Amino acid sequence: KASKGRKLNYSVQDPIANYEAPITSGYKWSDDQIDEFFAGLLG
Amino acid sequence: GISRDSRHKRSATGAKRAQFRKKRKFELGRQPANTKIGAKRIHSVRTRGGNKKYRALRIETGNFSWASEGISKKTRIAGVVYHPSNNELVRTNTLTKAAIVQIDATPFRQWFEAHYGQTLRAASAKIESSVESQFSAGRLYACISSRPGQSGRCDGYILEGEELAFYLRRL
Amino acid sequence: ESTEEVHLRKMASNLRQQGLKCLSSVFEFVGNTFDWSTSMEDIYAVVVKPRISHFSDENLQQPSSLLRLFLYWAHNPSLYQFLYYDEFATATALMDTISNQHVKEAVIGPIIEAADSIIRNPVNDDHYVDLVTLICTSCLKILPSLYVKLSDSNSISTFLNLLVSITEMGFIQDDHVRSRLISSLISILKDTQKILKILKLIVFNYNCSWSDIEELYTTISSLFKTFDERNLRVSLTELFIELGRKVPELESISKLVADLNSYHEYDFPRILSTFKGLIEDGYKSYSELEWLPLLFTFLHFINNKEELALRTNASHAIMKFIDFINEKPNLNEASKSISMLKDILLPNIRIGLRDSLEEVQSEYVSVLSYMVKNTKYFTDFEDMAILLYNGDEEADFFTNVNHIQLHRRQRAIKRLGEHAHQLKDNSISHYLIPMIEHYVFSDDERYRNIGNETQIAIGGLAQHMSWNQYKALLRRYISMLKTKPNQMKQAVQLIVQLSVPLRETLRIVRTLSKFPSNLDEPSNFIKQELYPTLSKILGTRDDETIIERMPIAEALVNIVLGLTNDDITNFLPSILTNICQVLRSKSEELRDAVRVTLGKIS
Amino acid sequence: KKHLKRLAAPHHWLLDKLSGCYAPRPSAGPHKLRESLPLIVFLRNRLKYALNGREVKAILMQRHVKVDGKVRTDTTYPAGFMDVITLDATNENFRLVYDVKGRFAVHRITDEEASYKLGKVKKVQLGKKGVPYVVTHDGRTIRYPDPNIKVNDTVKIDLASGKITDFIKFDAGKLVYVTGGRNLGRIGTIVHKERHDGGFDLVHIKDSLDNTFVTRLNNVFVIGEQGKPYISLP
Amino acid sequence: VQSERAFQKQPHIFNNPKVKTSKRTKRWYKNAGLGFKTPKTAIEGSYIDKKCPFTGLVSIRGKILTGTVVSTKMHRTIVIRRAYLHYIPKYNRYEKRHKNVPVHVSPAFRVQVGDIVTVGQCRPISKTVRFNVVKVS
RNA sequence: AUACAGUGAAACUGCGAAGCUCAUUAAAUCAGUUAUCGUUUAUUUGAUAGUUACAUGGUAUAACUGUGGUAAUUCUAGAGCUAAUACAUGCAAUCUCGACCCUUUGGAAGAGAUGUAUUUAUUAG
RNA sequence: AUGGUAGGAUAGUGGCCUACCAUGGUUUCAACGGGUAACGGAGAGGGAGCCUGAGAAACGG
């Protein structure tokens with residue numbers, strides 16, 4: 001089952017580490033605004 | 001990138017074998033030709049020697065054989081219904097040998113009328129009930145026996161008898 | 001066109017060939033759907049009419065497009081007007097193809113089916129009645145010749161289909177038609193139910209004189225023993241019942257034969273009563289022609305194994321015929337009875353002696369015993385009577401060989417082997433060896449002591465035996481070595497037992513009956529058949545049966561020495577080295593087998 | 001590879017090991033490299049007619065040499081077993097037969113003997129259009145063979161027409177030439193064929209001196225009946 | 001027989017539904033030679049096995065070996081063990097060794113753990129299987 | 001040589017282009033031997049294809065002529081030629097069964113039959 | 001990783017790879033791992049990729 005990758009493996013993979021860096025700016029709308037709008041998502 | 005060497009694999013006793021040498025082209029392997037329904041597209045690929053292979057990337061036509069009455073007609077392929085190996089090919093309607101497909105019953109229908117003079121002498125005109133139902137529906141089940149990815153052809157034969165019943169239960 | 005325009009003539013021939021196919025092809029496909037009434041005359045006048053005159057000679061080999069057109073016209077009632085045109089020229093043309101000497105089977109089959117279809121397809125017009133009469137008369141006159149030409153079983157069947165169609169249609173009403181249909185039928189004899197049904201209709205409806213049906217009666221009498229399935233028998237008995245009705249002489253016999261063969265199960269009280277009837281002077285009354293179906297039935301009952309009363313009575317029923325031969329005042333009328341004894345009973349006795357079943361064999365062994373004991377007019381079994389010593393018991397060998405006590409069987413077979421020299425060669429090969437050889441291959445524990453002495457007895461018997469039969473006896477056993485794995489040991493020992501009688505034949509000539517004067521001819525037979533075949537079997541590498549093939553080497557050292565001294569030097573080295581090649585084998589037990597065999601050889 | 005050292009050259013050619021750096025490689029042709037004698041070796045080192053490769057080229061270019069009745073101009077043509085070499089200028093005809101030691105011997109033959117050769121039937125099978133044919137040890141494809149001809153039989157081929165004149169079945173008592181192994185070049189009569197299916201079939205052969213030896217079937221070549229060879233032996 | 005997603009059938013062997021001459025489906029079989037009797041269960045069996053020496057597209061050629069069955073747990077193949085006495089010249093003495101060979105077994109043969117099987121070499125069937133069972137005892 | 005015909009630059013076709021320096025690896029290198037009924041194979045060699053034509057087109061250009069750009073290359077654009085084993089196109093026969101058994105090798109009415117390559121199906125083997 | 005079924009690709013066999021299924025395979029008769037007078041296999045500035053041809057993943061492009 002683990003063989004051939006049929007099972008997800010949660011170990012580190014070195015080549016993919018630090019391929020990209022997160023953007024610290026984040027979403028344009030503030031976190032509280034996003035939380036509010038999801039709570040009302042689709043009524 | 002695709003290679004056919006057995007060196008990369010693990011041993012029978014099981015030592016993780018080390019790379020002897022760089023990949024050679026005389027164990028070369030090529031990508032899967034995911035044949036699919038539609039306007040014919042075939043590519044010519046140069047193989048070892050002067051031999052040539054045809055890569056049916058797209059095909060909507062095939063020469064399918066009615067083995068019982070011993071004919072073979074060229075018919076449109078409707079789509080893939082069942083493939084024993086993997087269902088994703090059925091979902092993607094990938095065309096490969098042993099794939100169960102739906103084919104044109106019109107030429108077979110006309111041929112039957114011509115040769116037996118009966119809609120669909122009488123004893124010969126009699127055939128299996130399930131295939132009669134398939135013609136009445138207008139869609140015929142068939143199994144591909146040719147390899148579109150090597151010869152560039154999607155030939156096949158009409159399912160009948162035990163094979164037809166088995167695939168019907170599988171469907 | 002003149003012969004000069006060769007190219008133009010060739011293309012015209014192609015157009016005629018292609019078009020004539022075109023007429024047949026279109027007319028096969030849409031023959032029934034389209035109405036041709038307007039074009040009946042135009043098609044007939046321009047196509048068929050120019051070619052009717054010669055049509056016989058062209059279409060002899062294989063079916064043609066024009067011929068295929070006529071056949072469909074014959075098949076389909078609506079299209080008979082083609083046949084009606086011009087005094088039935090096309091129908092006459094079809095008959096002319098049949099009448100031709102060089103007509104081949106491929107064209108007969110389609111015609112004869114077409115003629116049958118017309119007979120079966122009545123049509124309400126005057127032309128049809130004339131048509132069927134012409135077809136029937138031409139067909140019936142020539143049927144026996146066509147059958148001989150036929151080479152396909154289906155082609156036989158379609159013929160017989162037409163014959164039954166004739167009976168149902170009622171052309172057999174006429175005497176001449178009846179005679180011709182009989183002449184065709186006896187050719188078929190000279191599927192089966194259809195014959196019997198055809199015979200039943202022609203025979204039941206009409207009286208026949210005894211001379212006409214005597215030959216039919218004898219063959220159909222023989223069909224009793226050949227036939228085994230119940231449907232075959234009941235139909236066969238029904239014919240004999242009717243064979244009785246027409247001719248008062250046979251009414252008694254057919255009445256007997258019917259009560260001999262009763263069905264599904266046989267009526268045991270009645271058949272036994274019939275057996276009491278024949279034994280108590282009824283056998284005296286029966287005439288020579290009466291015996292036949294009684295005999296053929298008797299040979300069937302004795303062949304039976306399930307019911308004890310039937311085979312016992314049947315065996316004694318055969319014994320009544322032997323008494324009937326004795327009752328005959330002299331040899332002349334006895335000879336006519338003896339001829340049947342030689343033709344019918346003796347072949348079926350001999351195969352009966354080779355029958356596997358013991359209870360079945362014992363009846364035949366009883367049958368032969370009575371013949372040897374009573375030999376007033378049948379003298380072929382005189383040699384056996386010498387073995388019998390006037391039929392004295394414990395001396396006859398007939399009671400001992402099938403005795404309940406096995407030691408009595410074994411003591412008797414040695415005595416027979418000792419006295420083989422007095423016995424005549426043909427009897428030794430045809431009757432005696434068949435009765436004893438089954439002991440050799442018997443599998444039971446109880447019969448092995450009998451089997452070993454039987455091998456000695458057969459060896460002595462083969463010593464006093466004919467060259468031609470003795471050859472066939474050898475060749476059969478060599479075939480058994482290859483064909484039968486379980487009987488190899490029994491075969492090889494018996495072959496060694498048959499080597500020695502050939503041996504004691506060959507030293508004094510440099511004994512066997514009718515031995516050839518010249519030693520070269522027997523010598524060659526050994527050089528190309530016996531020595532090679534036995535040697536290659538000996539040299540085969542199958543360690544499972546290596547022990548079983550060792551006595552072959554004894555047979556090899558046998559067959560060589562009486563061959564010429566030059567031949568001796570040729571073959572012993574190959575034989576004896578093979579003995580050595582098994583001697584070198586590591587197995588101690590096998591090596592001991594080589595040592596003793598090499599000793600006996602020595 | 002494409003170059004051959006003299007030290008690596010086949011032993012049976014008889015070639016001296018110190019003559020030069022390199023030896024002739026037989027070209028592609030009827031016979032295998034290890035079982036062929038190139039015409040350069042045959043003509044220069046056995047016949048001594050030529051003194052180096054250049055006179056060999058001149059001779060072959062004069063078309064004075066015929067192999068199996070046809071002119072050869074290739075210096076390294078692979079002549080082999082049962083090959084007929086004709087030199088019309090010298091009126092000489094040779095057949096290549098191994099000696100007892102296992103080397104080609106330059107055996108002179110008469111014109112009639114040169115007219116025919118013998119080929120062991122390697123294969124019997126029908127080609128296209130249902131035409132039977134036989135493939136011999138020298139690669140000759142001969143169509144319409146006699147039905148009785150089977151594998152391991154020997155066919156007498158007429159060089160002029162390339163047709164089978166006669167044939168010999170493979171059977172005990174037949175006269176046989178050894179074409180491989182330690183017994184190479186020996187002649188003897190068959191005694192027995194030891195059949196190992198799925199393996200190498202072995203044949204026992206007895207010489208005129210009654211000595212017996214065993215050899216694989218692939219090294220067997222029927223050449224005639226005992227005491228009646230179809231060829232003049234060396 | 002039909003325990004797989006695909007339909008199992010002998011390639012190029014046809015049973016005509018219309019003709020229906022015989023109830024039994026037409027079965028193709030061959031004798032492997034080498035004096036190995038083709039078993040009757042293979043002749044009248046209903047299994048489909050592409051690697052069977054009598055009904056599959058595999059030919060027995062080359063070495064013929066014998067061994068003792070050691071494992072029969074996997075599908076249509078087994079593991080056999082062959083032992084021998086190897087010679088050591090320095091001590092001039094023999095030592096026992098063994099080797100395990102995986103061999104294909106057709107369903108026409110019933111093999112347990114401990115019996116003796118004679119096997120025939122054939123083309124590469126799998127990563128490790130080069131042989132095929134041809135006689136059981 | 002009144003189509004050219006010897007030799008022949010250039011160009012288009014055809015064939016062939018398949019020593020050094022670093023690392024190191026225990027029967028996984030290598031050597032012997034088996035099988036390919038599980039495969040490809042230039043070339044050599046033996047066989048092997050009866051299914052407008054007194055010879056078609058540029059659907060064509062190189063070399064070549066000539067006009068130019070660029071510091072500039074095995075860098076180059078425009079215009080005008082002309083060919084093939086380069087590129088495309090393409091064309092009144094034979095063999096059987098053989099009545100008549102006419103003549104008795106023989107002619108012969110009539111019936112017929114007749115590429116290869118790929119893929120699938122089917123039959124014989 | 002051991003094997004079966006089916007598929008993809010090769011010049012073709014084959015887990016070589018892919019979809020499902022069984023938990024298998026070697027080993028104290030030495031698997032696996034370590035050392036070595038095991039000179040007693042790799043690349044053409046460095047990795048990735050493509051093209052020709054019968055034969056090269058080409059000391060070519």
# chains A, B, ... in the order shown; residues from 1 in each chain; ligands from 1

call {"tool": "interface_residues", "arguments": {"of": "chain F", "to": "chain E", "cutoff": "10 Å", "atoms": "only C-alpha atoms (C1' of nucleotides)", "output": "ChimeraX atom specification"}}
result
/F:34-38,121-122

call {"tool": "interface_residues", "arguments": {"of": "chain D", "to": "chain E", "cutoff": "9 Å", "atoms": "only C-alpha atoms", "output": "list in words"}}
result
residues 196, 197, 198 and 199 of chain D

call {"tool": "interface_residues", "arguments": {"of": "chain C", "to": "chain D", "cutoff": "10 Å", "atoms": "only C-alpha atoms", "output": "count of residues only"}}
result
3

call {"tool": "atom_distance", "arguments": {"atom1": "atom CA of residue E:77", "atom2": "atom CA of residue E:119"}}
result
11.8 Å

call {"tool": "residues_around", "arguments": {"residues": "residue G:3", "least_positions_apart": "3", "cutoff": "9 Å", "atoms": "only C-alpha atoms (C1' of nucleotides)", "output": "VMD selection string"}}
result
(chain E and resid 74 to 77 126) or (chain G and resid 22 24)

call {"tool": "residues_around", "arguments": {"residues": "residue D:65", "least_positions_apart": "3", "cutoff": "10 Å", "atoms": "only C-alpha atoms (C1' of nucleotides)", "output": "ChimeraX atom specification"}}
result
/D:39,43,59-62,68-73,85-89

call {"tool": "write_last_selection", "arguments": {"atoms": "N, CA and C atoms", "output": "PDB file, in the first residue's frame"}}
result
ATOM      1  N   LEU D  39      39.513 -16.445 -49.087  1.00  0.00           N
ATOM      2  CA  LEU D  39      40.274 -16.757 -50.293  1.00  0.00           C
ATOM      3  C   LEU D  39      41.701 -16.238 -50.223  1.00  0.00           C
ATOM      4  N   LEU D  43      44.565 -18.835 -50.970  1.00  0.00           N
ATOM      5  CA  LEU D  43      45.344 -18.689 -52.194  1.00  0.00           C
ATOM      6  C   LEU D  43      46.801 -18.357 -51.900  1.00  0.00           C
ATOM      7  N   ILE D  59      44.835 -11.426 -58.854  1.00  0.00           N
ATOM      8  CA  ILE D  59      44.314 -12.704 -59.328  1.00  0.00           C
ATOM      9  C   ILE D  59      42.794 -12.690 -59.335  1.00  0.00           C
ATOM     10  N   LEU D  60      42.183 -12.284 -58.220  1.00  0.00           N
ATOM     11  CA  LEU D  60      40.726 -12.274 -58.144  1.00  0.00           C
ATOM     12  C   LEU D  60      40.134 -11.313 -59.166  1.00  0.00           C
ATOM     13  N   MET D  61      40.823 -10.201 -59.416  1.00  0.00           N
ATOM     14  CA  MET D  61      40.370  -9.216 -60.387  1.00  0.00           C
ATOM     15  C   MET D  61      40.490  -9.740 -61.811  1.00  0.00           C
ATOM     16  N   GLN D  62      41.431 -10.656 -62.058  1.00  0.00           N
ATOM     17  CA  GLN D  62      41.493 -11.323 -63.354  1.00  0.00           C
ATOM     18  C   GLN D  62      40.343 -12.303 -63.554  1.00  0.00           C
ATOM     19  N   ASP D  68      32.198 -22.238 -56.081  1.00  0.00           N
ATOM     20  CA  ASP D  68      30.932 -22.891 -56.409  1.00  0.00           C
ATOM     21  C   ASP D  68      30.471 -22.510 -57.815  1.00  0.00           C
ATOM     22  N   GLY D  69      31.417 -22.458 -58.750  1.00  0.00           N
ATOM     23  CA  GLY D  69      31.099 -22.241 -60.146  1.00  0.00           C
ATOM     24  C   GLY D  69      30.843 -20.805 -60.541  1.00  0.00           C
ATOM     25  N   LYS D  70      30.987 -19.853 -59.620  1.00  0.00           N
ATOM     26  CA  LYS D  70      30.765 -18.441 -59.899  1.00  0.00           C
ATOM     27  C   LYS D  70      32.007 -17.650 -59.514  1.00  0.00           C
ATOM     28  N   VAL D  71      32.294 -16.599 -60.282  1.00  0.00           N
ATOM     29  CA  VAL D  71      33.495 -15.803 -60.063  1.00  0.00           C
ATOM     30  C   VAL D  71      33.342 -14.976 -58.794  1.00  0.00           C
ATOM     31  N   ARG D  72      34.389 -14.970 -57.969  1.00  0.00           N
ATOM     32  CA  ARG D  72      34.466 -14.142 -56.773  1.00  0.00           C
ATOM     33  C   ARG D  72      35.618 -13.158 -56.912  1.00  0.00           C
ATOM     34  N   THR D  73      35.349 -11.894 -56.586  1.00  0.00           N
ATOM     35  CA  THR D  73      36.356 -10.840 -56.617  1.00  0.00           C
ATOM     36  C   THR D  73      36.673 -10.281 -55.237  1.00  0.00           C
ATOM     37  N   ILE D  85      36.321 -24.818 -55.414  1.00  0.00           N
ATOM     38  CA  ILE D  85      37.116 -23.703 -55.921  1.00  0.00           C
ATOM     39  C   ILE D  85      37.752 -24.147 -57.232  1.00  0.00           C
ATOM     40  N   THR D  86      37.459 -23.421 -58.306  1.00  0.00           N
ATOM     41  CA  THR D  86      37.924 -23.753 -59.645  1.00  0.00           C
ATOM     42  C   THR D  86      38.867 -22.668 -60.141  1.00  0.00           C
ATOM     43  N   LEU D  87      40.020 -23.096 -60.654  1.00  0.00           N
ATOM     44  CA  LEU D  87      41.000 -22.228 -61.300  1.00  0.00           C
ATOM     45  C   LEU D  87      41.181 -22.765 -62.717  1.00  0.00           C
ATOM     46  N   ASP D  88      40.551 -22.090 -63.682  1.00  0.00           N
ATOM     47  CA  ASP D  88      40.549 -22.581 -65.057  1.00  0.00           C
ATOM     48  C   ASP D  88      41.917 -22.430 -65.709  1.00  0.00           C
ATOM     49  N   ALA D  89      42.650 -21.366 -65.368  1.00  0.00           N
ATOM     50  CA  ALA D  89      43.965 -21.159 -65.964  1.00  0.00           C
ATOM     51  C   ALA D  89      44.904 -22.312 -65.631  1.00  0.00           C
TER      52      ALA D  89
END

call {"tool": "residues_around", "arguments": {"residues": "residue C:162", "least_positions_apart": "5", "cutoff": "12 Å", "atoms": "only C-alpha atoms (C1' of nucleotides)", "output": "PyMOL selection string"}}
result
chain C and resi 109+111-120+135-136+139-140+143+155-157+167-169+171+181+184-185+194-195+198

call {"tool": "select_by_dssp", "arguments": {"residues": "chain A", "states": "alpha helix (DSSP H)", "output": "PyMOL selection string"}}
result
chain A and resi 31-39

call {"tool": "atom_distance", "arguments": {"atom1": "atom CA of residue D:106", "atom2": "atom CA of residue D:92"}}
result
10.8 Å

call {"tool": "select_by_dssp", "arguments": {"residues": "stretch 8-148 of chain B", "states": "strand (DSSP E)", "output": "PyMOL selection string"}}
result
chain B and resi 35-36+41-46+52-58+61-66+71-82+94-95+100-104+139-144

call {"tool": "write_last_selection", "arguments": {"atoms": "C-alpha atoms", "output": "CSV table (one decimal), in the first residue's frame"}}
result
chain,number,residue,atom,x,y,z
B,35,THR,CA,-5.9,7.5,-27.6
B,36,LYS,CA,-9.3,9.3,-27.4
B,41,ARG,CA,-4.9,12.1,-35.4
B,42,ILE,CA,-2.0,9.7,-35.9
B,43,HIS,CA,1.7,10.3,-35.6
B,44,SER,CA,4.6,8.4,-37.2
B,45,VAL,CA,7.4,7.4,-34.8
B,46,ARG,CA,10.7,6.0,-35.9
B,52,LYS,CA,7.9,2.4,-38.2
B,53,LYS,CA,5.0,2.6,-35.7
B,54,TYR,CA,1.8,4.6,-35.8
B,55,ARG,CA,0.6,6.6,-32.8
B,56,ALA,CA,-3.2,7.1,-32.8
B,57,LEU,CA,-3.5,10.0,-30.5
B,58,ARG,CA,-7.1,10.5,-31.6
B,61,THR,CA,-13.5,5.2,-36.5
B,62,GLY,CA,-12.7,1.5,-36.3
B,63,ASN,CA,-13.1,-1.7,-38.3
B,64,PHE,CA,-15.1,-4.0,-36.0
B,65,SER,CA,-15.9,-7.6,-36.7
B,66,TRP,CA,-19.1,-9.6,-36.3
B,71,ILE,CA,-18.1,-9.9,-41.4
B,72,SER,CA,-16.2,-6.7,-40.5
B,73,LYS,CA,-17.6,-3.2,-41.1
B,74,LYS,CA,-16.1,0.2,-40.5
B,75,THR,CA,-18.1,2.0,-37.8
B,76,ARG,CA,-18.0,5.2,-35.7
B,77,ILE,CA,-17.0,4.8,-32.1
B,78,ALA,CA,-19.5,6.3,-29.7
B,79,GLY,CA,-17.5,6.1,-26.5
B,80,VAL,CA,-15.7,4.0,-23.9
B,81,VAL,CA,-18.1,2.2,-21.4
B,82,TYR,CA,-15.8,-0.1,-19.5
B,94,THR,CA,-9.1,6.6,-23.3
B,95,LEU,CA,-9.0,4.1,-26.2
B,100,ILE,CA,-15.3,-2.0,-24.0
B,101,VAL,CA,-16.6,0.7,-26.4
B,102,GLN,CA,-19.9,1.5,-28.1
B,103,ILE,CA,-20.0,1.3,-31.9
B,104,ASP,CA,-22.2,2.1,-34.9
B,139,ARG,CA,-25.9,1.2,-29.8
B,140,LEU,CA,-23.6,-1.8,-30.1
B,141,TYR,CA,-21.1,-3.0,-27.4
B,142,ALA,CA,-17.7,-4.1,-28.7
B,143,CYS,CA,-14.3,-5.0,-27.5
B,144,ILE,CA,-11.1,-3.5,-29.0

call {"tool": "interface_residues", "arguments": {"of": "chain F", "to": "chain B", "cutoff": "8 Å", "atoms": "only C-alpha atoms (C1' of nucleotides)", "output": "list in words"}}
result
residues 28, 40, 41, 118, 119, 120, 121 and 122 of chain F

call {"tool": "interface_residues", "arguments": {"of": "chain D", "to": "chain F", "cutoff": "12 Å", "atoms": "only C-alpha atoms (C1' of nucleotides)", "output": "MDAnalysis selection string"}}
result
chainID D and resid 1:2 26:32 67:68 70 72 74 76:79 127:129 131:144 159 162:163 198:200

call {"tool": "closest_residue", "arguments": {"among": "G:2, G:36, G:23, G:13", "to": "chain B", "atoms": "only C-alpha atoms (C1' of nucleotides)"}}
result
G:2

call {"tool": "residues_around", "arguments": {"residues": "stretch 12-17 of chain D", "least_positions_apart": "4", "cutoff": "10 Å", "atoms": "only C-alpha atoms (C1' of nucleotides)", "output": "compact mmCIF listing (two decimals) with C-alpha atoms, in the first residue's frame"}}
result
# COMPACT_ATOMS: atom_id res chain seq x y z
CA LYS D 5 44.74 -10.03 -34.50
CA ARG D 6 46.70 -12.94 -35.93
CA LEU D 7 46.98 -14.36 -32.41
CA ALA D 8 43.17 -14.17 -32.22
CA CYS D 21 50.26 -7.76 -36.95
CA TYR D 22 46.80 -8.59 -38.33
CA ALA D 23 44.94 -11.41 -40.08
CA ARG D 34 34.93 -19.29 -37.34
CA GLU D 35 34.06 -22.00 -39.91
CA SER D 36 35.32 -20.35 -43.12
CA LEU D 37 38.60 -20.00 -45.02
CA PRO D 38 39.00 -16.58 -46.73
CA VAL D 41 44.44 -17.35 -46.81
CA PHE D 42 43.52 -20.17 -49.20
CA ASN D 45 49.13 -19.29 -47.43
CA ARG D 46 47.94 -22.71 -48.68
CA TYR D 98 39.02 -30.87 -42.95
CA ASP D 99 41.94 -33.17 -42.25
CA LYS D 101 43.86 -32.61 -37.28
CA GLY D 102 40.91 -30.32 -38.07
CA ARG D 103 42.32 -27.95 -40.71
CA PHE D 104 41.20 -27.25 -44.26
CA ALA D 105 43.14 -29.45 -46.68

call {"tool": "interface_residues", "arguments": {"of": "chain B", "to": "chain E", "cutoff": "9 Å", "atoms": "only C-alpha atoms", "output": "ChimeraX atom specification"}}
result
/B:12,67-69,83-85,98,124,126-128,160-163,166-167,170

call {"tool": "residues_around", "arguments": {"residues": "residue G:29", "least_positions_apart": "2", "cutoff": "7 Å", "atoms": "only C-alpha atoms (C1' of nucleotides)", "output": "ChimeraX atom specification"}}
result
/E:96-98

call {"tool": "write_last_selection", "arguments": {"atoms": "N, CA, C and O atoms", "output": "compact mmCIF listing (two decimals), in the first residue's frame"}}
result
# COMPACT_ATOMS: atom_id res chain seq x y z
N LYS E 96 27.16 -29.16 2.26
CA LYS E 96 25.80 -29.05 1.75
C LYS E 96 25.48 -27.59 1.43
O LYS E 96 25.79 -26.70 2.22
N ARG E 97 24.86 -27.35 0.27
CA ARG E 97 24.22 -26.06 0.04
C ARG E 97 22.85 -26.31 -0.57
O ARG E 97 22.53 -27.42 -1.02
N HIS E 98 22.05 -25.25 -0.60
CA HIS E 98 20.73 -25.28 -1.20
C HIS E 98 20.46 -23.95 -1.88
O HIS E 98 21.06 -22.92 -1.54

call {"tool": "closest_atom_pairs", "arguments": {"of": "chain A", "to": "chain G", "cutoff": "12 Å", "atoms": "only C-alpha atoms (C1' of nucleotides)", "output": "Markdown table"}}
result
| residue | atom | partner | partner_atom | distance |
| --- | --- | --- | --- | --- |
| A:1 | CA | G:23 | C1' | 10.8 |
| A:2 | CA | G:1 | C1' | 10.8 |
| A:3 | CA | G:1 | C1' | 8.3 |
| A:4 | CA | G:18 | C1' | 10.2 |
| A:6 | CA | G:19 | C1' | 11.4 |

call {"tool": "write_last_selection", "arguments": {"atoms": "N, CA and C atoms", "output": "mmCIF file, in the first residue's frame"}}
result
data_model
loop_
_atom_site.group_PDB
_atom_site.id
_atom_site.type_symbol
_atom_site.label_atom_id
_atom_site.label_comp_id
_atom_site.auth_asym_id
_atom_site.auth_seq_id
_atom_site.Cartn_x
_atom_site.Cartn_y
_atom_site.Cartn_z
ATOM 1 N N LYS A 1 0.828 -1.200 0.000
ATOM 2 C CA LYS A 1 0.000 0.000 0.000
ATOM 3 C C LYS A 1 0.865 1.254 0.000
ATOM 4 N N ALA A 2 1.872 1.282 0.874
ATOM 5 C CA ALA A 2 2.790 2.415 0.894
ATOM 6 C C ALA A 2 3.601 2.482 -0.393
ATOM 7 N N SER A 3 3.922 1.326 -0.970
ATOM 8 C CA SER A 3 4.721 1.291 -2.187
ATOM 9 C C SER A 3 3.983 1.977 -3.329
ATOM 10 N N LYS A 4 4.752 2.601 -4.222
ATOM 11 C CA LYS A 4 4.283 3.300 -5.419
ATOM 12 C C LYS A 4 3.597 4.615 -5.052
ATOM 13 N N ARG A 6 0.862 5.072 -3.154
ATOM 14 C CA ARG A 6 -0.591 5.023 -3.021
ATOM 15 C C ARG A 6 -1.040 5.558 -1.664
#

call {"tool": "decode", "arguments": {"residues": "stretch 43-65 of chain E", "atoms": "C-alpha atoms", "output": "PDB file, in the first residue's frame"}}
result
ATOM      1  CA  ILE E  43      -7.706 -31.167 -21.548  1.00  0.00           C
ATOM      2  CA  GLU E  44     -11.215 -30.952 -20.031  1.00  0.00           C
ATOM      3  CA  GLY E  45     -10.559 -28.147 -17.547  1.00  0.00           C
ATOM      4  CA  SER E  46     -12.228 -24.745 -17.511  1.00  0.00           C
ATOM      5  CA  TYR E  47      -9.296 -22.649 -16.256  1.00  0.00           C
ATOM      6  CA  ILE E  48      -7.631 -19.962 -18.370  1.00  0.00           C
ATOM      7  CA  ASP E  49      -3.867 -19.668 -17.857  1.00  0.00           C
ATOM      8  CA  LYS E  50      -1.646 -17.833 -20.338  1.00  0.00           C
ATOM      9  CA  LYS E  51       1.431 -19.361 -18.642  1.00  0.00           C
ATOM     10  CA  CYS E  52       0.256 -22.986 -18.531  1.00  0.00           C
ATOM     11  CA  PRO E  53       2.646 -25.302 -20.435  1.00  0.00           C
ATOM     12  CA  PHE E  54      -0.284 -27.249 -21.944  1.00  0.00           C
ATOM     13  CA  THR E  55      -2.889 -24.521 -22.594  1.00  0.00           C
ATOM     14  CA  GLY E  56      -0.898 -21.261 -22.460  1.00  0.00           C
ATOM     15  CA  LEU E  57       1.452 -19.543 -24.895  1.00  0.00           C
ATOM     16  CA  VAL E  58       4.628 -20.853 -23.239  1.00  0.00           C
ATOM     17  CA  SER E  59       7.098 -23.450 -24.524  1.00  0.00           C
ATOM     18  CA  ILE E  60       9.335 -25.697 -22.421  1.00  0.00           C
ATOM     19  CA  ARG E  61      12.917 -25.665 -23.702  1.00  0.00           C
ATOM     20  CA  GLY E  62      16.359 -25.843 -22.144  1.00  0.00           C
ATOM     21  CA  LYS E  63      17.199 -27.330 -18.780  1.00  0.00           C
ATOM     22  CA  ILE E  64      14.832 -29.698 -16.986  1.00  0.00           C
ATOM     23  CA  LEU E  65      15.240 -29.663 -13.202  1.00  0.00           C
TER      24      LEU E  65
END
